[PDB]
Every structure is written in structure tokens, then in C-alpha cells.
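Have a look below at one chain only, the form deposited in one PDB entry, in C-alpha cells format.
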């Protein structure tokens, strides 16, 4: 991938232009193209390999954001970006990333106190300079200090799974606040986006001041950036930004739509409303002053001539077009999943025994659970050897016969060597119920080699699932360089399923690689990669990722019952 650089490059063209006072809509052309490319997990040049007049087609991208890309790879750099660089100091971009700052304030600060970096800004307030500026007051200076200090505690975006459980605690607390008729977790959290920038809570209330004052009073709250009658922005005792939005109960449905987004999806709907002479806000759909919809989401979407769109689809990735023409995808649902196909145990890196896993699986209402432990490669040991994997399969057999349902499947997560060979001999793989293969080494391999390595792993006829394929770690490590079309092509042809690993720091396949695979007709496997019984609660996230990728119950191994899973497995 190289989206991460080019996402920053347009983001910079937009910001430098925004500083120079450019056409705001041209500015927004870049900002959007920045957001979609960074969110794009399928490598861009793999899509750009066919660009040309078909680059005029991509997503949120037109002809002008193409000849610049024609230029980009032809010459390594876009003149527009370089032209803007000469007019706008590199450090002013950093200053206007500070929440509350923006173009006009960054410019005033530059021409006023010559501030052109965070380091300089930091010095300016500590010294107390901005409280002297002509127009920039002492109150407006405290505003900057807030935003400057509050940008730091909230470091990176956080994986959804890292904050999920906390989010539900806060939700249950907000539902118990006086004045709160009804509350819900919206924003990116509700769309199951693999990472979040904050947590966005909507509240139905008729005494909104009470609820906001009640919300900020929660013990996890550390600071308050902004606080009004209807909304508040706060940061927790751990850095995580949390926003509250209050709306009257009559507009609850329009409030859910508003706070759930995405921005881009929301803008499609409002733009649509304009075509039909209507207005869409948080308060409802309106024809003139007459509110035609608001109480619920269903009827709000109906007001725009649309069926209800599930939150995970709301990324303006074709869900609106598919809603107009009445062909929304049928989506997987959590109760349809009848087991977890990658959990670990005390046999290797897990914290749990078979009894502990079985008990956890039964409690959740699972039909089965695959106990897949690491191959020797994880440590490179010689005893634990391949010999005693048979006794492990034997021990799990007797466990099933004595306990009954749910059933433990004897599995294994087998390392893929740098050449594509597997960490376990074939006779060991032959007698395993579930065989997962995955990469835990040599990530910097060139695209072509990493493809060959993966392809040879798929030629092994005992392989059932290709586990967390990209090998990424959210915040720690990028995806491996690989031609994923060829890899999914091969896996399909060999009947191997691709894994959506719901473990909080993996979330791999990502939504849009998952949507690609499933679109090609591949089978899918869902797991949590659990090392403690807590982790089994991540199935929700793999499902949500499945949902984001327009994936239904068809060709998903977890929706099969115990018997049908074994058939599928026993028939290689």
C-alpha cells in the first residue's frame, strides 16, 4: 500500500488551499479524496493499474484528480502540491490541525505573531503572547490552549474493540441520567468502523440542559472542551474524546441518522433531499416548515424514497445507489453465527483450558468452537512437537463425548514459512479438523515474493482457512504487500475460506478487502482470535465488518451447523 502518503498529499493540497483562502468546494474536493484514500485498504496502484478514462470513475474521484495522478507516478510528484508548498510554510499545516484553529486563525497567528509550528504555538501560549494580540483576546487564547492540550491526550484513533466495552458502560450510565428518555451509541462505532476517532452518543431528551450537565458529570470525564444546551465535547480519564448530542424525542430518528453518518453518506442524503425540494436535518425531513419525518430512522429514510439502510453500509460506497434501485444486500446477523473459528488455549499462547472455553462458548449460546493453537514456529520449539498434536486431537475427542454440545473442533494455526511451505508436516494436517494458515514473519517481502509465498500455502490441500490474511496490526504494522486479487482467486479455486479476524488490533480482512473477496464468490470465516474468554465478545466486530462489506450468510462457514461444517471440512 501507498494510500497513506497520497491521503496525506491531497489533505495537504486542501489545507494549503484553505489557508490561501481558496474556493471552499475545491478545498473540500481534496479533503474528501484524502478521507477515502486513507480509509481505502485495497492498494491504490492495484486499482490505478487500470486508470486512464476508467480513473474518471473511481470513488469521489474525477478527471482532474486523474491527470494529476497520471503525472504523479510518471514524475513522482504533483506540481499543484509543490506550487502550494512555496506559498504556505510546511509548519502552518501542523498549527491548523489543532482542534478549534482552522484556516483564518492559523493565518492570523502567522501574520500576527509569525507562528508556523506547534512548537512555536506551544511557546506562544506558555509565554502568554496570544493574550496580547490585537483581536485575538485572552479568552480566545485559552480556547487554543484547551485544543492544544486536548489533541495530545487523544493520541491516535483507537481500535473499536479496545474501546467497545467502555462504550457500553458509558451508554448504560447515560441511559440512567435524569432527563434522558433514550440514548444510543452512534458515529463510527455504530457503523463498526475498525477504528474510531471518538465516541458519539445521541440522546432523546426534552430537558437537554439537565442531560448535558449530567453527561459531563460522569466520573470518567476529565475535561470539557465545549458545553451547551444541546451538546458537549469532552475527553475521558484516558484521552478518548466523547461527544454527546441531545435532540427532542420527536426528532430521535433524524438525530440517529445525523450522528451515525458517515459525513459523506449524510451529505448524499441531504443532497438527495434538495433534489426532492426537501430539507434534511437532525430534527427531521421537511417540506417547507412541515416536518414530514423525524421520530424513527425507517420513516426518515422513507421520506427520501429509500428503504432503511443499515449503519455499516453508510459510507457512501454505493449503498445509496443500491437503495434507489431497491437492491440492498442481504446481511449477516450476530445470532446466525453458530460458533467461533479461531480461539487459542493453554496448549499454546491462550489463557484458557478446554473446560473454560467450552463453558464460555455454551454461555454465549454457540453451537461449536474451533480450538486453533499456534504451530511451533511462534516460538520455534521441539517438544511440544508434531508428535503430540495427535494426543491433543485425542483429548478434544474425549472432551466432546463426555460434555456433549457445544463441540470443540481440533484446529491449529499453522505458520507459513518464507517460501510458502507449512510449519506442520502433511500427516499432522491430515488428521486436524480445522487448519488455519497465516503469516507471522517476513512482512517486508516484495509484493511478487509475498504473493508466491501465499499462493504456495494455498496449494496445500489440507488448508481450510487463510487467517488474518494481511497480517496488519492497527497502529503497529501495515498490511503485507500482496496482489490480493490473485490470492483470493487461488483461495477460491482451492475452496479455502478467507478469515475476518475480529480481534481488536487486527480486524483483518478489512471491510473493503473483505468486500472484494466475497464479491469474487469466496467463502468467509469469522473469528475473534481469543486468548481469554473476554475476547469471544469480539465476534460482534467481525460480524459488523462482514456487514460493512455487504456480506450475507451465504458462503460463511459460521452459519453452517456442526454437521454441515464438518462436511465442508471433510471434503477439503
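Positions refer to the first chain, counted from 1. For clarity, a rigid core is taken as the largest C-alpha set superposing within 1.5 Å between two forms.
Just so you know, the form deposited in another entry exists too; it's not on screen, but the next bit is about it.
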*Which of 425, 128, 461, 365 has its C-alpha displaced by 2 Å or more between this form and the one not shown after core superposition?*
128
*Displaced residue check between this form and the one not shown: residue 95, CA, 2 Å or over, core reference*: yes
*After the core is overlaid between this form and the one not shown, has the C-alpha of residue 566 moved by 2 angstroms or more?*
no
*Relative to the superposed rigid core, does the CA atom of residue 547 travel 2 Å or more between this form and the one not shown?*
no
*Compared with this form, is the residue 41-residue 256 Cα separation smaller or larger in that other deposited form, the difference being 3 Å or more?*
closer
*Quick one: in that other deposited form, is the Cα gap between residue 160 and residue 149 smaller or bigger than here? Answer closer or farther; it shifts by 3 Å or more.*
closer
